[PDB]
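Just add 5 to wherever you are in the sequence shown, counting from 1, and you've got the deposited numbering.
Where is the CB? At the ideal position from N, CA and C, for every residue including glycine.
Taking it in order: structure first as C-alpha cells, then the write-up.
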Amino acid sequence: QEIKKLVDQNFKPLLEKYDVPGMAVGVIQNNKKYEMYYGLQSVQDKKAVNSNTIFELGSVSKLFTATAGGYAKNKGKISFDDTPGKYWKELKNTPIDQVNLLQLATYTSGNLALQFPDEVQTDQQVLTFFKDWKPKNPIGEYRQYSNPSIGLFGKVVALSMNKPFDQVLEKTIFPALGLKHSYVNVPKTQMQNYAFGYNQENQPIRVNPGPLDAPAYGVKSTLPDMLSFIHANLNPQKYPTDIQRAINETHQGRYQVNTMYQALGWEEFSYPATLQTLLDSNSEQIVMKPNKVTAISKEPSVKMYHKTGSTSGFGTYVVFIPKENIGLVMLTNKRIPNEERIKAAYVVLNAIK
Ligand SMILES: *[B@]([O])([C][N]S(=O)(=O)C1=C(C(F)(F)F)[C]=C(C2=NN=N[N]2)[C]=[C]1)OP([O])([O])=O
Numbered sequence: 006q007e008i009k010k011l012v013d014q015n016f017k018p019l020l021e022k023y024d025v026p027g028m029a030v031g032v033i034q035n036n037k038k039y040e041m042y043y044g045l046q047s048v049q050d051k052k053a054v055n056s057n058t059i060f061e062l063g064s065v066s067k068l069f070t071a072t073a074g075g076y077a078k079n080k081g082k083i084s085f086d087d088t089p090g091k092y093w094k095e096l097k098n099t100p101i102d103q104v105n106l107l108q109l110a111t112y113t114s115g116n117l118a119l120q121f122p123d124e125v126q127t128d129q130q131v132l133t134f135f136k137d138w139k140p141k142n143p144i145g146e147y148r149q150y151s152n153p154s155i156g157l158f159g160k161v162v163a164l165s166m167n168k169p170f171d172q173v174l175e176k177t178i179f180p181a182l183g184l185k186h187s188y189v190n191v192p193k194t195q196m197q198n199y200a201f202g203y204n205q206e207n208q209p210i211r212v213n214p215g216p217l218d219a220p221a222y223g224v225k226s227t228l229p230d231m232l233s234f235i236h237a238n239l240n241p242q243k244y245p246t247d248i249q250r251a252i253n254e255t256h257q258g259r260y261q262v263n264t265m266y267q268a269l270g271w272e273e274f275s276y277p278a279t280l281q282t283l284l285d286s287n288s289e290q291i292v293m294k295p296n297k298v299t300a301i302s303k304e305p306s307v308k309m310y311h312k313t314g315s316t317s318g319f320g321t322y323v324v325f326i327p328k329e330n331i332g333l334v335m336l337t338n339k340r341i342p343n344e345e346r347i348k349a350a351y352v353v354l355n356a357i358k
C-alpha cells in the first residue's frame, strides 16, 4: 500500500541525480511481490523498462556461481576441501592444486587479483595462467576479491558436473530456481528485451567478453526472475530438495572481515545492521586490497544478506532478511555509487518492517 510510495521516495530521485535512463525496483514481502519500473531500457529506441527487460547483473552473477557450487557439493560431485587438480586434470600437482574449492570461492588463494591481466583471453591461455600460477600470500589467510578465483571455482563446478559452465546455469540451476528469463547468453528471440547499458558518457554499451566471464560477472536477468531468486533465498523449503541444500549452503558464513561475514557469494551481517556497517562492506579496502581473515566469533542470531554488482553499463543490488520475510532488488542501466544503492534499500526495508 505504502510500498510503491516508499520506493518512489527513495529510488526515483536517483534517476535524475545520476542521469540514469532506466531502473527496475522489486520488493518481496510476506510472499507478495511488488515491481516498480522507471524510464527506458533504450534511450535511442524510447523503449520503456518493463517486466521483460533484461539487465546485466555483474557480480550478482557470483551468487549463481555459489549456488551452483552448493548444488554440486550436495550431489556428491565435489567437496569444498578438494583442490582443482581433482577435476582440471592439466592443473593436478601444480601449485594451484594446493588451494581448495572453498578458498577459491571465498577469495583466499593468497595470489589472485580482481582481474586476469588483459593479455589473458582464450581457453588455451587461461589454462597456462593457472599452470604458471605460483603462491604469494599464505594459502587461506588473506581475502582477495577476485574474478579469477570464483571463476576457477565455477569452471571446476562445471567440470564436476561434466557440462560447461553456461549449460550448468541454463539447463540445471536456473530451471530448478523457476527462472524463465535469466541467461548466460541471451538468445536471438530475446535480444529485443536486452537493455542497453550506458557508460559514464551516456554512450550505449553491453558487456565485453573476457576470460571466465560467465561464472564471475556474466549473468543477465529480469526483475521478476530476480524477485523469484530472492523468494527462494527467503523460503527455500518449498524448492526441490537439492536446490534447497544448495541455497542453504550459500548462507553459511565462513569467516569474518571485521563486520562482514563472507558466505558463498553473499555478504552476511548481524540483523539489524547499521547503515554504515552495510557500506563498509563495499569499501575500497575490502573490494580492492587483500585483507586478513578472522574466524567467526559472534554467530549472528538473526542474519541479513547482500550483494552488489556492476558491469560498465549496469548496476545491481540485492538484499534479503529471512526473519522479516522481506527482500529488495534494484536493477539499473547505468552504474550509480554502490553506497546510494545500499542506502535507499535501507530506508525502504526499515520503513516497512
Ligand atoms: B562485480 O560486478 C565485478 N566488478 S568489476 O569491477 O570486476 C567489473 C566491471 C565494473 F568495473 F563495472 F565493475 C565491469 C566489467 C565489464 N566487463 N565488460 N563490460 N563491463 C567487468 C568487471 O562486483 P562489484 O559490485 O564489487 O564491482
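**Message:** Suppose contacts are defined by Cβ-Cβ distances below 7 Å. Is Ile-33 in contact with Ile-235 by that definition?
**Reply:** Cβ distance < 7 Å, so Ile-33 and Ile-235 count as in contact.
**Asked** When you compare only the Cα positions, how much space is there between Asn-207 and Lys-339?
**Response** Separation of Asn-207 and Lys-339 (C-alpha to C-alpha, rounded to the nearest whole angstrom) is 8 Å.
**Asked** Name the DSSP beta bridge partners of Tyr-39, please?
**Response** Partner(s): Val-32.
**Request:** Take every Cβ of the stretch 53-68, pair it with every Cβ of the stretch 188-205, and state whether three or more of those distances are shorter than 8 Å.
**Result:** Output reads yes: the stretch 188-205 touches the stretch 53-68.
**Asked** By a C-beta neighbour count over all protein chains shown, 10 Å radius and 16 as the cutoff for buried, is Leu-11 buried or exposed?
**Response** Answer is buried; the Cβ neighbour count reaches 16.
**Asked** Going by the CB atoms, is the gap between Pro-100 and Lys-139 shorter than 7 Å?
**Response** In contact: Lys-139 and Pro-100 (Cβ atoms closer than 7 Å).
**Request:** Below 6 Å CB to CB, which residues in the same chain sit around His-311 once its five sequence neighbours on both sides are set aside?
**Result:** Within the same chain, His-311 has close Cβ partners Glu-272 and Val-324.
**Message:** Please list the terminal residues of the continuous beta strand (DSSP E) segment that includes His-311.
**Reply:** Segment 308-316, the beta strand (DSSP E) holding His-311.
**Request:** Can you say whether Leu-45 is buried or exposed, counting buried as having 16 or more other CB atoms within 10 angstroms of its CB?
**Result:** With a threshold of 16 other beta carbon atoms within 10 Å, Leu-45 meets it and is buried.
**Where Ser-66 falls: helix, strand or coil (DSSP)** = Here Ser-66 carries a helix assignment [DSSP, helix/strand/coil].
**Message:** Starting from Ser-275, trace the beta strand (DSSP E) in both directions and tell me its first and last residue.
**Reply:** 272-275 is the span of the beta strand (DSSP E), which, as asked, contains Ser-275.
**Message:** Let me check you understand the geometry: is the CB of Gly-63 closer than 6 Å to at least one non-hydrogen atom of ligand 1?
**Reply:** Within the cutoff, so yes.
**Prompt:** Under the DSSP definition of a beta bridge, which residues are partnered with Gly-44?
**Reply:** Answer is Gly-27.
**Message:** Once DSSP output is grouped into helix, strand and coil, what is the label at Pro-209?
**Reply:** It is a strand residue.
**Euclidean distance between Cα positions of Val-125 and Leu-164** = Roughly 21 Å separates the two Cα atoms.
**Prompt:** Can you tell me whether DSSP reads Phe-121 as helix, strand or coil?
**Reply:** Looking at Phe-121 - three-state DSSP - the assignment turns out to be coil, as it is neither helix nor strand.
**Request:** Select from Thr-113, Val-352, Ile-357 and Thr-88 the residue whose C-alpha is nearest the C-alpha of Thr-299.
**Result:** Minimum Cα-Cα distance from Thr-299 among the listed residues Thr-113, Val-352, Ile-357 and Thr-88 corresponds to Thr-113.
**Request:** Taking 8 Å as the threshold, find out whether the stretch 277-293 comes into contact with the stretch 243-256 through three or more Cβ pairs.
**Result:** Judged by Cβ distances under 8 Å, the stretch 277-293 makes no contact with the stretch 243-256, as fewer than three pairs qualify.
**Request:** With a threshold of 6 Å, establish whether the CB of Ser-56 neighbours any heavy atom of ligand 1.
**Result:** No, ligand 1 has no heavy atom inside 6 Å of this Cβ.
**Request:** Provide the residue span of the alpha helix (DSSP H) that contains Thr-337, from first to last.
**Result:** Taken as a continuous stretch (DSSP letters only), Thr-337 belongs to no alpha helix (DSSP H), being part of the beta strand (DSSP E) at 331-337.
**Item:** Per DSSP, the bridge partner or partners of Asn-296
**Value:** In DSSP, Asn-296 forms a bridge with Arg-148.
**Request:** Give the secondary structure of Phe-16 by DSSP, where H, G and I count as helix, E and B as strand, and everything else as coil.
**Result:** DSSP places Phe-16 in coil when its eight states are reduced to three.
**Rounded distance between the beta-carbons of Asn-116 and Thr-88, thought under 8 Å** = Not a contact, Cβ separation roughly 15 Å.
**Request:** Quickly, what does DSSP pair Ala-237 with across the bridge? List them, please.
**Result:** Paired residues: none, contrary to the question.
**Candidates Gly-183, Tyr-203 and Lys-78, of which the one nearest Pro-245 by Cα** = Out of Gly-183, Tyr-203 and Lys-78, the CA that lies nearest to the CA of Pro-245 is found in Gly-183.
**Request:** Report whether the distance from the Cβ of residue 2 to the nearest heavy atom of ligand 1 is below 6 Å.
**Result:** Because residue 2 is not part of the residues shown, which for the chain are 6 to 358, the question remains open.
**Request:** Could you spell out where the alpha helix (DSSP H) holding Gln-49 opens and where it closes?
**Result:** Note, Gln-49: premise wrong, no alpha helix (DSSP H); not H, not E.
**Prompt:** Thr-133: which of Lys-37, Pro-216 and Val-352 sits nearest, CA to CA?
**Reply:** Selection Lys-37, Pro-216 and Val-352 evaluated against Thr-133 yields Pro-216 as nearest (Cα-Cα).
**Prompt:** Contact between the stretch 23-32 and the stretch 263-282: three or more CB pairs below 8 Å?
**Reply:** Segment contact: the stretch 23-32 against the stretch 263-282, fewer than three CB-CB distances shorter than 8 Å; contact not assigned.
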